[PDB]
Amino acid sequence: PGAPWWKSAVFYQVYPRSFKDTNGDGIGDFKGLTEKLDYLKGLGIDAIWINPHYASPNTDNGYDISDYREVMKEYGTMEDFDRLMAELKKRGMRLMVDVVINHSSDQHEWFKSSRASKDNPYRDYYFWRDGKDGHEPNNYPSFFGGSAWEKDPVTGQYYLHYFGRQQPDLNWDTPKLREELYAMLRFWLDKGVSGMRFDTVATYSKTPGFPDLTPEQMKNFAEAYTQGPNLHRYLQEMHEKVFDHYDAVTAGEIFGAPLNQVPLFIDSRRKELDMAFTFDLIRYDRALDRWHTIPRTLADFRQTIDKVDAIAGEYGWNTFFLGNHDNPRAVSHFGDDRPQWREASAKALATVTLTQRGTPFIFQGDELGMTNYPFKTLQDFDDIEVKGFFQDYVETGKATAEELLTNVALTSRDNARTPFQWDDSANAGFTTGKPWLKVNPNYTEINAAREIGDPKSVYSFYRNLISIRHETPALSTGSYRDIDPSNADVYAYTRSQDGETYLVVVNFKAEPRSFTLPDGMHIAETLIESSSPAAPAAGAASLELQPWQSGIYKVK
């Protein structure tokens, strides 16, 4: 046969709100993105995943949708969206949109209607329950602070919201609701979108009766929220009624679920979703409370990647990324963002990202080596999630405001949301006004204009890597083997296909290291290296590595 285009594609994630402002209000928009398509095409991007672009009050920057058929006012008009679509097609590029249907905004007409009385036809489009013992219906906590149940004086009942209080969860147990969601998907699919990514797909099915979580379940409530008994039945129904009739690739953001459950969502035979977005790797060093970090090593990094790759089996398929809108900057998180190591570790991480088995997603700015932001106060964070931590940990006295600041500065989602650094003009050329979130001061040295014409820049390294992955089948769809899962200094692995085998070797330490190839394996050619003064000699049986050196080789 032949593998789907998405298996060998290189994606780029665009967080519109922080990509390019074209009208000075401080917020990125569609015209800004459209304006930059040549830039992304020049980088080598085959497809783009854009975060929510629908009408929204923005309590959660797009993830709280008030109208699924209207574009977000801040991003432009439907006309602008259409133009973006057309310009993408002109360049033979594809678009993947985010689909948020676990919950809607509390400003969506379905909710306004639903909440008005106990007897309207939209009551069951959401979850309404009586409280118990003078308290909420049960002990369900919300990811964004306090209880997941909010009382509404109009009826005396509580509505469910796993996330924000203004993000009431939709009721998938109601057939009419499901049908409205399907009609909604076709609306966008009919416009030609090539892919759909489903925000927290594993939480659609709620547990019948809403019994309290046990003390143990309470310790990782996210997991219990992915245990609805009708989850896969709904996902299968959605595929049968919708995707079965289209040519779009589907991807699921499997948030909170144990890795062993992943295959149920992506095994092509099950006819649910095509690709998986998991959190195991990107949160491999994150505490349960989500704002503390736990020390880990390369050994933990690779072993996690090893498990994730393994559950894709023969019929499944994974996405791979080191960054996104919900996590700290890749170079800061996995590399070394100190002035003297930022570029070297950034290039090394790029080598990892583009040689992994699965479909790579490059988050905007990582091609430049962008870092975390130097937050000084809790007020420097815009994120609703941080407010949630304050409510749950500072007001309850479990931690001081300074403790929260110290720790969340390294885990916050806002680290990834500061304006993309185009050049060194005001606000790194992101806007002519005041950015919605402060630009990182390091924009004077880290910016696209400065790296674009520099063949030694992190940008060029990514471009060269993308070019190379595109020309080497084994690097996309080939098998994967970790040479030594327990090694905490150097990450080395092979990718193979149709007799050809490649070797990737990446030094994660800021010191010289050595690597001996597996018995009987020899360097045949060097495809590329970063931070290396000399390529190995043909036939080499070992490698000498500089601090943070990376390389892709064809072996024999």
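A residue's number is simply how far along the shown sequence it sits, counting from 1.
Selected stretch [higher average CA B-factor]: 116 to 124 or 97 to 105 | Going by the record's values, the stretch with the higher mean is 116 to 124.
Per the PDB record, is the mean Cα temperature factor higher over 465 to 473 or over 279 to 287?
-> Per the PDB entry, the higher value belongs to 465 to 473.
Please pick out which of 452, 193, 249, 322 has the largest Cα B-factor as recorded in the entry.
-> That would be 452, according to the entry.
From the list 333, 135, 161, 178, select the residue with the highest C-alpha B factor recorded in the entry.
-> Across 333, 135, 161, 178, the entry lists the biggest C-alpha B-factor for 135.
Among the modelled residues of its chain, does the C-alpha B-factor of residue 14 lie in the lowest, middle or highest third?
-> Lowest third of the chain for residue 14's C-alpha B-factor.
By its CA B factor, does residue 500 count among the lowest, middle or highest third of the modelled residues in the chain?
-> Ranked within chain, residue 500 CA B lands in the highest tercile.
Thinking about Cα B factors across the chain, which third does residue 310 belong to?
-> Ranked within chain, residue 310 CA B lands in the highest tercile.
Report the third (lowest, middle or highest) to which the CA temperature factor of residue 130 belongs, ranking only the modelled residues of the same chain.
-> Within its chain, residue 130 is a highest-third residue by C-alpha B-factor, going by the deposited values.
Modelled-residue ranking by C-alpha temperature factor, third containing residue 220 | Highest third - that is where residue 220 ends up once the chain's C-alpha B-factors are sorted.
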